[PDB]
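Listed below, chain by chain, are the residues.
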Amino acid sequence: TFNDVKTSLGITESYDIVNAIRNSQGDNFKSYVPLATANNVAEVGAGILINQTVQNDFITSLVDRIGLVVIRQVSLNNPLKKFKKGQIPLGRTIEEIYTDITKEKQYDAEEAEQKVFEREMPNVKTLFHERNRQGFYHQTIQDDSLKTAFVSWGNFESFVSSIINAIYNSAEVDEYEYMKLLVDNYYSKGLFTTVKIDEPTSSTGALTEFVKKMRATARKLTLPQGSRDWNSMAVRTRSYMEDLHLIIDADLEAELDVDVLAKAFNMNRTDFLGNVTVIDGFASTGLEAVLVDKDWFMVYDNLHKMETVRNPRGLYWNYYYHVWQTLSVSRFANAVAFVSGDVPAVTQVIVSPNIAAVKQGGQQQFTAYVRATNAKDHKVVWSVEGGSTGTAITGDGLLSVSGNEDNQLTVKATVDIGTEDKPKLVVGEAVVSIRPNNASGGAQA
Amino acid sequence: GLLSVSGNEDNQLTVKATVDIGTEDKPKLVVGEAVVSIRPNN
């Protein structure tokens, strides 16, 4: 019921072709001049967006029919599916536990006589994960309406099947996209260790330097002794080469192959050391390569259930494909981002004792791991908020709690990147419960 | 022959060395050539 639809609907024609052919002499279209129906081919060949009624040439009143219905079937997957960690049938929340190494104390027998039972808690850190996704793919199918379009059950039925498959495609595409979201999210928070590099999709010198950084970084991640600099939680973590995954994209893949590997006699000396898992790219500005541990992803499924119902009045089925899942990232897993353009001097101040519980009047030592992106030092300022008059923290991170404290506290680690006119107060933060002691009171103490 | 690149160099460089064989108004240069690519460094 659209009426005057042109065959040129939406065609941003670059020159024509018919004119080109008929006006071709030694203009390369001369090979088409001998063709008897070239013009008709030119008119239709591109494909028709909207069917218009076509009459039979022999008998005007007859209508030419559709002699073939081709229902395409596409099936899409999830490139990152392999990073799914399973299912959590029951229980919503996941708890990760990680024990950080201890410190070396100098041997001192004298002092030891008053410290035998000192009691020193381990550097244990935990992290929680939680079911985050909960949505569904709603698809309605008006069976009998579709029946007036089709003239064959093979076509009709397969069409419907395709619709249902589209639901599943929708699901996996989005799942993939959510995993990407997690990367851009983690980045937007500033939790990746940032390795700045010159753009690798330009001069091969940039590409080369990039590759070196990738191989070197991979090795650094896998060093036997471990390191804190690749871990968002700033704990000594050791990785393994076979557990590293390098995401990057199709551009870099091609750049490496052609410019480097094609010439390399020893390709294993310039390839990537981890498991390369090419994706379409990231949204974050300048975010390119991402190198992470296979356990960085904390993706678990909670629900995959197709629900259906038929509306008896409005003839149609509804399909509700429910997808619930835990979408999160481990901060204990190693994670490095390679970034092109300019980044902050400090992307993340990390306070070690995220959760503390200092009894009224006591003390707690804090540690900051200012995630600098360069060689410049970045003095950090300690402060406390929500605290009483006597609660304060030493410039070295040593927190002193008031003898009358009661309010839950928070401790900040501030690093100013910017300047006087526009300071860039990068802040790390930790919280402290008081669970106050007793048996005191009075005056003078 | 000390090649020096202060930076801000995005073009491939050609390093040549010549010897003037012949005479005045007859510079029959003999020339050697090295290929220099540039690796970015902020």
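Residues numbered from 1 in each chain as written, not as in the entry; some residues may be left out. Chains lettered and ligands numbered in written order. Part of a larger assembly, values for the part shown. Heavy atoms only, no water.

Under the PDB entry, chain B has the name Major capsid protein and belongs to Bacillus phage phi29. The title given to this PDB entry is "The cryo-EM structure of bacteriophage phi29 prohead".

As recorded by the PDB entry, chain A carries the name Major capsid protein and is attributed to Bacillus phage phi29. UniProt, in the comment section headed Function, describes chain A in these words: "Assembles to form a prolate capsid shell of about 54 nm in length and 45 nm in width, with a T=3, Q=5 symmetry." What UniProt records for chain A under Subcellular location is the sentence "Virion". (UniProt positions renumbered as here; feature names shortened; annotations may be inferred.)

Q: Help me understand the overall build of chain A in this model?
A: Of regular secondary structure, chain A possesses seven helices and 17 strands. The C-alpha radius of gyration computed for chain A amounts to 32 Å, which surpasses the reference 22 Å derived for 445 residues by more than 25%, pointing to a less compact arrangement than a globule. Judged by the C-alpha coordinates and their principal axes, chain A covers about 115 × 65 × 45 Å. A buried classification covers 37% of the 445 residues belonging to chain A. Nonlocal contacts in chain A, meaning residues at least 24 apart in sequence, comprise 72% of its contacts between residues at least 6 apart. As presented, chain A carries roughly 28000 Å² of accessible surface, and 50% of it is formed by carbon and sulfur atoms. (Helix = DSSP H or I, 4+ residues; strand = E, 2+ residues; numbered from the N terminus. Rg over C-alpha atoms; globule rule 2.2 N^0.38 Å. Buried < 20%, exposed > 50% of the residue type's maximum accessible area, 1.4 Å probe, protein only. Contact = heavy atoms within 4.5 Å. Areas by Shrake-Rupley, 256 points an atom, 1.4 Å probe, with all protein chains shown as cover.)

Q: Is there a simple way to explain the overall build of chain B in this structure?
A: Check the secondary structure of chain B and you find zero helices and two strands. Here chain B holds 42 residues, and 7% of them are scored as buried. Within chain B, contacts between residues at least 6 apart in sequence are counted, and of these 16% link residues at least 24 apart. A total of about 4000 Å² of accessible surface is found on chain B, and carbon and sulfur atoms cover 45% of it. Here chain B contributes 4 positively and 6 negatively charged side chains, and the mean placements of these two sets differ by 7 Å. (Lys, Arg positive; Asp, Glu negative; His and termini not counted. Charge placed at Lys NZ, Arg CZ, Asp CG, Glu CD.)

Q: What is the right way to read helix α7 (residues 250–261) of chain A from this model?
A: Along an α-helix, residues three or four positions apart point the same way, because every turn accommodates 3.6 residues. Residue and element names in this part refer to chain A. Of the positions making up α7, those classed as buried are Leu252, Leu256, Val260 and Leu261. For α7, the arc enclosing every buried residue in end-on projection is 85°, short of the 170-degree limit, so these residues lie on one face. On the buried face of α7, the contacting elements are α6 (204–221). Measuring from the side-chain oxygen of the N-cap residue of α7 to the backbone nitrogen of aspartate 251 gives 2.8 Å; that N-cap residue is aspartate 249. (Arc of directions from axis to C-beta. Polar contact = N/O pair within 3.5 Å; in protein donor to acceptor, adjacent residues only side chain to side chain.)

Q: Would you take a moment to explain the sheet that holds strand β15 (residues 398–400) of chain A for this structure?
A: Two modes of strand pairing occur in sheets, parallel and antiparallel, and in both the strands are linked by backbone hydrogen bonds. All names here are of chain A. Reading across from one edge, β12-β15-β14 is the order of the three strands in this open sheet, with antiparallel pairing throughout. Because the sheet does not close on itself, it has two edges, and the strands there are β12 (363–365) and β14 (392–393). Bridge count for β12 against β15 is three bridges, and the pairing is antiparallel. The residue bridging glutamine 363 from the neighbouring strand is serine 400, located in β15. (Pairing = 2+ DSSP bridges.)

Q: Would you explain the side chain of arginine 215 of chain A in this entry?
A: Residues and elements named next belong to chain A. Residue position: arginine 215 is located in helix α6. We classify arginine 215 as buried; its relative accessible area is 17%. A polar side-chain atom of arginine 215 sits 3.2 Å from the main-chain carbonyl oxygen of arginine 269. Within the structure, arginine 215 has its side chain in polar contact with the backbone oxygen of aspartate 271 (distance 2.6 Å).

Q: In this structure, what is going on with the pattern of salt bridges? I would like to understand it.
A: Side chains that carry opposite charge are capable of pairing whenever their charged atoms lie near each other. Residue and element names in this part refer to chain A. One pass over the full model with this rule turns up 18 salt bridges over all chains. A salt bridge links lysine 84 to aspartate 301; the nearest nitrogen and oxygen atoms lie 2.7 Å apart. Here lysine 84, found in strand β1 (residues 84–87), pairs with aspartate 301, found in strand β8 (residues 299–311); they are 217 residues apart in sequence, far enough to count as distant. With relative accessibility at 5%, the residue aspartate 301 sits in the buried group. (Salt bridge = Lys/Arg side-chain N within 4 Å of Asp/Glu carboxyl O.)

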